[PDB]
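Chains as they are written, first to last, in UniProt numbering: chain D, 61 to 120; chain C, 1 to 577; chain V, 194 to 577; chain P, 169 to 211; chain F, 64 to 146, 149 to 188; chain W, 5 to 463; chain A, 121 to 359. In this text, a Cβ means the ideal position worked out from N, Cα and C, and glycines have one as well.
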Amino acid sequence: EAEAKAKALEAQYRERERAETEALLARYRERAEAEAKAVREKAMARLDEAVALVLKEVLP
Amino acid sequence: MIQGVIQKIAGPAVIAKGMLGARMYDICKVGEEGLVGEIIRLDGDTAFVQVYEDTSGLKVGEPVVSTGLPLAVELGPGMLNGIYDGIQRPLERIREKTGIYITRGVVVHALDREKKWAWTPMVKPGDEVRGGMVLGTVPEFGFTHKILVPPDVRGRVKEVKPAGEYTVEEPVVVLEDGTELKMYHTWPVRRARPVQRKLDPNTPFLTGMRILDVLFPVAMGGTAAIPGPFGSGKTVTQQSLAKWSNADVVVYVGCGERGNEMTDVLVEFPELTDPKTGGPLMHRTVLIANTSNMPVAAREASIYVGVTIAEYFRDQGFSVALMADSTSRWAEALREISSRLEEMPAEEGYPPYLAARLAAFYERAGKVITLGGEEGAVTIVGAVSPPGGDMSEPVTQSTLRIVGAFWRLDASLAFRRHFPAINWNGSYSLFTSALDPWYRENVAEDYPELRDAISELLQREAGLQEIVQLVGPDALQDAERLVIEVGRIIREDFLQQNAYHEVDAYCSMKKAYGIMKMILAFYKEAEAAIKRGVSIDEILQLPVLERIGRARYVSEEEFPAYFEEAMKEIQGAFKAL
Amino acid sequence: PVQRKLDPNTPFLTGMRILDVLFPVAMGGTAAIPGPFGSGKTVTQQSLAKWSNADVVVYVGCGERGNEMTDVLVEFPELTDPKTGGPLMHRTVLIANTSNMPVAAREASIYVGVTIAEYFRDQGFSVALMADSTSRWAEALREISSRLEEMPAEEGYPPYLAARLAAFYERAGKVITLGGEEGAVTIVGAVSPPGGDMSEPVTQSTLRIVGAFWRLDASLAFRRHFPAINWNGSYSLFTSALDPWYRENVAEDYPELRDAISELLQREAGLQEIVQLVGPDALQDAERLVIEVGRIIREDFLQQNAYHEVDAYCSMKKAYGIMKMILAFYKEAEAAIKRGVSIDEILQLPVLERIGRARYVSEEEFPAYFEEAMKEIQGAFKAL
Amino acid sequence: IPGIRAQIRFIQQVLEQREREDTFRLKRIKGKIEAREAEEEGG
Amino acid sequence: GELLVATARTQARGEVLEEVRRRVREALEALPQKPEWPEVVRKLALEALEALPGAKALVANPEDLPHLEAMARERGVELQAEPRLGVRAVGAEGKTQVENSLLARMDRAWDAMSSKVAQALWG
Amino acid sequence: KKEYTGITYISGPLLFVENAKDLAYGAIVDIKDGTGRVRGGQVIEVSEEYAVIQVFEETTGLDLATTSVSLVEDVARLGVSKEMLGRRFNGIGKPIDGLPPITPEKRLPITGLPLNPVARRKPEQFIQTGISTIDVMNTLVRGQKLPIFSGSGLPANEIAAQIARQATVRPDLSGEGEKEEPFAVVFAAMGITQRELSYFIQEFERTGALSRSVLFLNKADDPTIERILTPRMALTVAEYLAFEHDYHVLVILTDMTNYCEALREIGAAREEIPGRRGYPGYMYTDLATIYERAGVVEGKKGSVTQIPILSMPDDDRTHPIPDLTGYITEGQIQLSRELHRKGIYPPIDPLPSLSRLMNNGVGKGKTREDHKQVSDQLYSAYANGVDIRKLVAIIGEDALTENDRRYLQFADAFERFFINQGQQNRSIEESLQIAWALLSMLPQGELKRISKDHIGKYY
Amino acid sequence: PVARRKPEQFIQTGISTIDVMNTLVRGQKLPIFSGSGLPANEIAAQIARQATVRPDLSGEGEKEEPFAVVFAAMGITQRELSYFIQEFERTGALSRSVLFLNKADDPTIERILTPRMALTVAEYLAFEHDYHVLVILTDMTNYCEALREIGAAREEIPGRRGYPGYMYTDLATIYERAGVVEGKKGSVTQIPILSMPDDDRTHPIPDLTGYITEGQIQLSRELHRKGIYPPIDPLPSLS
Ligand SMILES: Nc1ncnc2c1ncn2[C@@H]1O[C@H](COP(=O)(O)OP(=O)(O)O)[C@@H](O)[C@H]1O
Ligand SMILES: Nc1ncnc2c1ncn2[C@@H]1O[C@H](COP(=O)(O)OP(=O)(O)O)[C@@H](O)[C@H]1O
């Protein structure tokens, strides 16, 4: 039954671990998802001028 | 096409002029049997040709005809039970037409063009595809021959014939971009047919013969080459393995061979039946063999042949076994050819154009999942002619650097003959690590335990040989010589196998796990015996020793007959003496 | 140039116990080591570059590992002259050189510091030059050749070998000048033979040019030892000129004892062989006598360690003393064993380790150490 | 004795054969020099 | 999680730069109709002439062809065949086709000083 | 730009096109060809009217028309960022990961500049590898370049991974902070395999070590040519992070055996003599320049901490290549032949085992104030052992003094334990400890290297 | 080699040992490894006439494989040539036999023709005229020997030291024929006789010769010493 104690130790160790990691990516990823949109939206602004600028340079 | 004519000859090399705007490497017909060269050099206008046939008797100014394409070999039906061999041309017809000889330049169709086949549409028209779909079946023999869209070929489907029997010369599926899919295609043979992902050895690829496997397992790309002095086992271990496999498809190339070496050989595969089945082994094996009486370079060509067939099928999800004899060919080939074309050496006629291609064979080799989403794993089996009959050679050494395992063989044993006469002392496998679940899954775990425990014996026996010769096997005391005359048996039905005694011929992991275990007992019994003061002399008398010698006469059905059998008899009498 | 030819007769000195001692070498001479890889070549050099007798230190390494000399740049100011304690940078310019520098720069290198050496030799001020590897010259030169596509002789070597070698050394010497003052030119060229090839063009050609071969084995040294040379793969050819100089300077009997020392050191080979034939299975007397003796003599008593202060810095007189211990031990040993003593009893004589600890005894202390140490000999023998 | 004999030989032979390669190279080199000297003196 | 965050960001940044590419390309391609295209031509045309000592050739689109009748008269004294936004031209014998497309400016620049625009974006 | 006409010689991946006389030395070109495939060339050598191109690819399908030549640079450089941190790279200097390329934030030559030797801060900088092997014998500063002579079944990569996990600082024998010492995961490739592939990959997933990671990547499927080019590429990224982001860069030069092979080809193809056993000698140089990238950096906590890695042919260190490799490099590692067979993890011999750093800038304080003479004892001590391993093996069964037994005895002990490591720490004292234990049965009074004190100190 | 019938009928030699060690039927190569002080010459002669094929033993009447030989003496000595004369006259060996000859003295090239020439004779007559033919040149030492001084004139590297590599090529031509064939009662058995370089199974000189082909006989001069007749390789020995 000391072998039993050790078995029991595994349970929680495997279970909680699973659960936390299983959550972890999701959450992080979704913050990534959020941030990603918001940098596009920054970009929008500084779209037009970049092209304008770029267009002038190449011409001669 | 690209055109012009001949200019000079220097034996089988040729350069030619009148050539301009010319592609680099094609099918180069020349002269009066369209003589099959290659654009090597382009300087100026001036193409280094190199033929793949005898050239002789000719003169300057002969037609020189440059396709605009190099060999891209017909893939698709007729495949198994096949010969297309090195020239690419199936012997069948030829055999007759060229008397009984082989005779230069003699073209035929590269397939049985008008042989009808089991058109299975899997598809509908209007449909959108990609290179490497399957469109269709042709279950021929047991096997559901996938009718591959080839890479680079995508999109609209115009029609899709209904099922039936169709020669490959019929196109069955017209694309709605306008592609009449006849049932073979041309695949540039030095271009590697690509894959979706390379995959990862998991399970041994077995193919029989005990120790070799048990000790030296494999990947499903595999590779190891056999260094082996002339005479040695190698040459017919491939042929042993002709019987014994776990394969899907079975690919044999004879790599530029002489005929008497190869008479019985040729026929013998046709005398092997199938063990997945029971019909001919030819119903999954392919004669790709060609000659030593055609140039070297057509062997060089041959090499590419092998791999590419394999690839096709591997893309058809298959465990492909390829076992090419002798890199002494490949080597040799370019190992002259430069000289012809005079280019800068490297010693021992080594062109450092070299393990480029060697390498490449392996790169192409692997375990994989393919474009079709289809797994496969072409396993590869190198052999070598040692030049001194012994090693020196980078063409072995870096070759080692780039093969899975390595092997190593012994003359002396060959005197007695030994199937094999492997020298693990040299030899290794690393595949010993990638497969390990599948050990203890299929076997169970004490194969990964006992096996090391088998080596240990012979390992310390090595060390002991020393002492054996340094004094005698006599200054020795009980326990040493124990292990010494253990070793013998460990070898005896491990290095005597035989390919004509039928029981002898096949061995499984069942056949394994069993016999490993036996021996252990003896050890342990004697181990205690002699510590009960006993002399091992008495132990010699065990009739049981011959009894274990009957191992490769025990056959698998009889193997749990014989297993259990000897166990007790050991544990009794010597636990009592 | 010079005025005229003058003989050397004054030795080089820095007291390395073989190279100097058992291979007495001219000041005006020049001599050499080879080197297989990482074989302590350059490591030898800088002991010498402070315990020199010379007037002027002259650093070059000839297209070398930056890293291997990155250090020395920094070290030598805060190195210490014996005479003065000064930054050794006083008597050196530093022409250390490396190997993304032009190939051809690699040559220049030599050809500058040699000449500089002359400028001072002229001024009577006498060279200590050290090259890291002349091979780099080879290595460059024939790569010139190739690139200029000129057929170079056999072994893949164009032939400016003796040509560009022999000439340069001939500039060297203890040489009186038009200004009188007589510059010795003391230079020690290393070589990089990667092959152990006494048979690399450069090696052999250069053997029997300038003085004193010394050799590098590696896996010997891979132990404690440095400087592994074959002892009997080395030479000196200046053991008559300086023989006066020693005779006074150290002692009059200095070659007598020293030659008597080396005598054994190679004569021992007599026994060596049998070991390699049949061991010292004949564990017997005048065998295992000698055996231990010669051993010790080299084991520490030639084995300096640069990486210690006291192991490698030493005097003539220190060493001189030391040899005499051993000798001594031998002397009484001859009559010990004859008395009926086994070498066994000789073996655990504690005083031998006292005899050993010299590489930890500074030269001032050395006297008294020795003055004591002679005594215990006679005490630890005569009694028995 | 015979074991070590056979070593030397093995060595030798390779070393020796090296000579050729050299030559083999050199031959071509001569070829070059001579080609130069045919079409720089000629042309 | 962190690697995915980094990538996420990168994913967006690529999209952005890529749009900017599309626009420039599109923009440059809407130039030819404009009369500031006949004007823009001859810069590169002359420049190419500067590049080619010996001038022989010069190509212009059927639209473009008119713009250089000035430097069809000058240059290689030639105008034949069609390039696009850019100019090609051969000179110094033929032999040497040594050109300078405005689109050849593009393959240099777009990618080049891509760094500053992206900086402007992020930063 | 400048566009050219005509082949002039094609055969091997060696090129010529004329009308070119007008180029600067060393030039990245392309060769647009109407095949729809561009190919690429370096202008390795220039001539007065054509020049030598060094193709990167198959020659195949090439024709005299399609022929379009293309100045990319007339020099060679590349850009740099730390956005390339964590990023995957083919050998073509293209980040293959499906991530859109990073941006050059500076751009600089591939070959880069030489270095004042005076400017290079000394190495001296011991850190703990956790392997005693290192951590006594050869002695790991930071700066160092050392390599594992390896081959058949000799298992570099494996061993390297140990290091990948047991690379760890020591600010603590030296009383420092702890943000001080960041390394830099930087990885390079050559020829590589699939069986190796994931096996490698897994340690970035296992050790998170995608961490700050440049990883240049290069199998052999890929044409040969770029084998040697790429080293430099990566090697140049290094400096940037090394000085300016102050890393103790983990340099993973990653076999070098293939380098020379191809290179040589290119050589000799043109002409260059081997002069050296079928190898051009200036290989030395060719690999010199590589290594010449080195150093702890003054005024900046750059330390170019180098791992060169190699195969070497056969066992033989006498082989031409590992030869000079030897000359060059600071350290020097061999794996024991002896020990694969009987499987010790890791199989390491104590034979080329001194380096070039242990005393010099080092050996106490940084270490501890007894170690040196211990080590120094153990060297010849161990020698003394195995020496008789033969002699015995004729002469006695024993007939030794059994003091001389101890000697030989002590080898097998020392190794058997020592040369197996688990996934241990091992620290300098965990070393020493062991050391003394082997010294134990060795009596005092033979230990002439050592002084009396330390030994009994550490019983 | 897909258009023949493999062999099986049996070269009966009057020397036990042979038929002990080997298996010796009719479609094969058996290279007799020889040397100075080694008696090859006799053996093939001996067994010339002391060779039969006996198919009676195999269950076919002996009306059905007819005994003939070729063998044309090249590259060999004066004396040696002049020996075998009477031996032929003793059994009527020359009766069905051709020697194009050389005897080591006529242009190099001749030596290299007459092999395949000698061969090809049989190539016709064996199958076409259904003769079962024994073939065994002598002195293939000289083949390679001479052959190399040939290609000296063409100037390409020696394939290996002191050897051609373009050697291998020819070794096609020799051996890539033998034994019965579909519908044809010929057969060819073609057997080498050439020394090892001295003693030395380590030189491509025999080695490659090994690799390729079938059989292998040697004789043992370390049984000359006893004078065993026949003497052989006792443990290398393979068919
Ligand atoms: N495993 C074996 N050990 C020794 N000789 C063998 C063995 N099996 C077959 N042989 C003999 O060797 C001959 C050649 O086949 P093999 O050994 O594969 O090689 P090789 O082509 O190298 O001569 C066989 O015809 C037979 O006579
Ligand atoms: N003279 C010496 N005294 C002590 N240790 C030395 C000595 N020479 C060499 N060593 C040791 O042996 C190693 C090998 O020599 P190394 O310095 O690598 O070579 P080289 O001098 O040929 O460039 C040194 O790094 C050092 O550890």
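### Message
Please list, in chain order, the chain A residues whose beta carbon lies closer than 8 Å to that of P:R188.
### Response
Position 20 of the fourth sequence, counting from 1, holds the residue named residue 188 of chain P. By Cβ distance, chain A contributes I277, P278, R281.
### Task
Give the range of the alpha helix (DSSP H) segment to which C:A10 is assigned.
For this step, residue 10 of chain C is matched to residue 10 along the second sequence. Premise fails: C:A10 lies in the beta strand (DSSP E), 2 to 10, not in any alpha helix (DSSP H).
### Query
Ends of the alpha helix (DSSP H) at V:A355?
Here residue 355 of chain V corresponds to residue number 162 of the third sequence, with the count starting at 1. Taken as a continuous stretch (DSSP letters only), the alpha helix (DSSP H) holding V:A355 covers 353 to 364.
### Message
Can you give me the C-alpha to C-alpha distance between F:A135 and W:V73, rounded to a whole angstrom?
### Response
The count along the fifth sequence starts at 1 and reaches residue 135 of chain F at position 72. The count along the sixth sequence starts at 1 and reaches residue 73 of chain W at position 69. If you take the alpha carbons of F:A135 and W:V73, they lie about 26 Å apart.
### With 16 other Cβ atoms within 10 Å as the buried cut-off, status of W:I138
On the sixth sequence, position 134 is the one that residue 138 of chain W refers to. Residue environment analysis places W:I138 among the buried positions, since at least 16 neighbouring C-beta atoms fall within 10 angstroms of its C-beta.
### Message
Quick check: the segment 191 to 210 of chain C against the segment 244 to 253 of chain C, are at least 3 beta-carbon pairs closer than 8 Å?
### Response
Three or more Cβ pairs closer than 8 Å define a contact, and the segment 244 to 253 of chain C meets that threshold against the segment 191 to 210 of chain C.
### Task
Go ahead and pull the three-state DSSP assignment for W:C264.
On the sixth sequence, residue 264 of chain W is found 260 positions in, with the first residue counted as 1. Helix.
### Message
Here's the rule I'm using: 16 or more other beta-carbon atoms within 10 Å means buried, otherwise exposed. How should W:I459 be labelled?
### Response
Taking the first residue of the sixth sequence as position 1, residue 459 of chain W is located at position 455. W:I459 is buried by the Cβ-count criterion.
### Message
So the candidates are C:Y439, C:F419, C:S433, C:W407; which of them puts its Cα closest to the Cα of C:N425?
### Response
Counted from its first residue, the second sequence places residue 425 of chain C at position 425. That would be C:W407, whose Cα lies nearest to the Cα of C:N425.
#### Entry: chain A residues whose Cβ lies nearer than 8 Å to that of C:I9
Within the second sequence, numbered from 1, the residue matching residue 9 of chain C stands at position 9. The contact set of C:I9 on chain A, defined by CB atoms closer than 8 Å, is empty, because the minimum CB distance reaches about 13 Å.
### Query
Got a sec, what are the start and stop residues for the beta strand (DSSP E) W:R41 sits in?
Translated into the one-based positions of the sixth sequence, residue 41 of chain W becomes position 37. Residues 41 to 50.
### Message
Could you check whether the segment 76 to 91 of chain W touches the segment 236 to 244 of chain W, counting it as contact only if at least three pairs of C-beta atoms, one from each stretch, sit closer than 8 Å?
### Response
Taking a cut-off of 8 Å for Cβ pairs, the segment 76 to 91 of chain W and the segment 236 to 244 of chain W touch, as three or more such pairs fall below it.
### Task
Could you tell me whether any Cβ in chain D is nearer than 8 Å to the Cβ of F:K97?
By 1-based counting over the fifth sequence, the position of residue 97 of chain F is 34. No, no contact with chain D.
### Task
Please report the Cβ distance between C:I548 and C:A566, rounded to the nearest whole angstrom; I am assuming they are in contact, meaning their Cβ atoms lie under 8 Å.
Counting from one through the second sequence, the residue named residue 548 of chain C turns up at place 548. Counting from one through the second sequence, the residue named residue 566 of chain C turns up at place 566. The C-beta distance from C:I548 to C:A566 rounds to 7 Å, short enough to meet the 8 Å contact threshold.
### Query
With 16 other CB atoms within 10 Å as the buried threshold, where does C:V60 fall?
Taking the second sequence and counting its residues from 1, one reaches residue 60 of chain C at position 60. Here C:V60 is exposed: its Cβ has fewer than 16 other Cβ atoms, across all protein chains shown, within 10 Å.
### Query
Enumerated in chain order, which unbroken segments of the alpha helix (DSSP H) with a length of 4 residues or greater are wholly contained in the segment 378 to 422 of chain V?
For the segment 378 to 422 of chain V, whole alpha helix (DSSP H) runs of length 4 or above, ordered along the chain, are 394 to 399.
### Query
V:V236: beta carbon under 7 Å from a heavy atom of ligand 4?
As presented, the structure is devoid of ligand 4, carrying ligand 1 and ligand 2 as its sole ligands.
### Task
Please state if the CB of C:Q88 and the CB of C:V73 are separated by a distance shorter than 8 Å.
Position 73 of the second sequence, counted from the start, is the residue given in the question as residue 73 of chain C. Position 88 of the second sequence, counted from the start, is the residue given in the question as residue 88 of chain C. Taking the C-beta atoms as reference points, C:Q88 is found nearer than 8 Å to C:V73.
### Task
Using 10 angstroms around the beta-carbon of D:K116, count the other beta-carbons present and answer buried if the total reaches 16, otherwise exposed.
For the purposes of this step, residue 116 of chain D is taken as the residue at position 56 of the first sequence. Answer is exposed; the Cβ neighbour count stays below 16.
### Query
In chain order, what residues of the same chain have a beta carbon less than 6 Å from the beta carbon of V:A434, not counting five sequence neighbours either side?
Position 241 of the third sequence, counted from the start, is the residue given in the question as residue 434 of chain V. Result list for V:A434: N202, in chain order.
### Task
Let me know the alpha helix (DSSP H) ranges lying completely inside the segment 140 to 213 of chain W, each 4 residues or longer, listed in chain order.
Taking only runs of at least 4 residues, the alpha helix (DSSP H) segments lying wholly in the segment 140 to 213 of chain W are 160 to 170, 199 to 210.
### Limits of the unbroken beta strand (DSSP E) element including P:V182
The residue given as residue 182 of chain P occupies position 14 in the fourth sequence. From DSSP, P:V182 is part of no beta strand (DSSP E) but of the alpha helix (DSSP H) over 170 to 204.
### Task
Mark C:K198 as exposed unless 16 or more other C-beta atoms lie within 10 angstroms of its C-beta, in which case mark it buried.
Mapped onto the second sequence, residue 198 of chain C falls at position 198. Classification of C:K198: buried, given that the 10 Å Cβ count is 16 or more.
### Message
Quick check on the DSSP output: the alpha helix (DSSP H) that includes F:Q184 runs from which residue to which?
### Response
Position 119 of the fifth sequence holds residue 184 of chain F. Looking at the DSSP string, the run of the alpha helix (DSSP H) that includes F:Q184 is 179 to 186.
### Message
For P:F192 and V:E348, I'd like the C-alpha separation in whole angstroms.
### Response
Here residue 192 of chain P refers to the residue found at position 24 when the fourth sequence is read from its first residue. Here residue 348 of chain V refers to the residue found at position 155 when the third sequence is read from its first residue. Looking at the two C-alpha atoms, the distance is approximately 14 Å.
### Message
With a threshold of 8 Å between beta carbons, is P:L183 in contact with chain V?
### Response
Along the fourth sequence, one-based indexing puts residue 183 of chain P at 15. Output row for P:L183: interface = no.
### Query
Taking 8 Å as the CB-CB cut-off, is C:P448 touching chain A?
Within the second sequence, numbered from 1, the residue matching residue 448 of chain C stands at position 448. Judged by the 8 Å Cβ criterion, C:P448 is not in contact with chain A.
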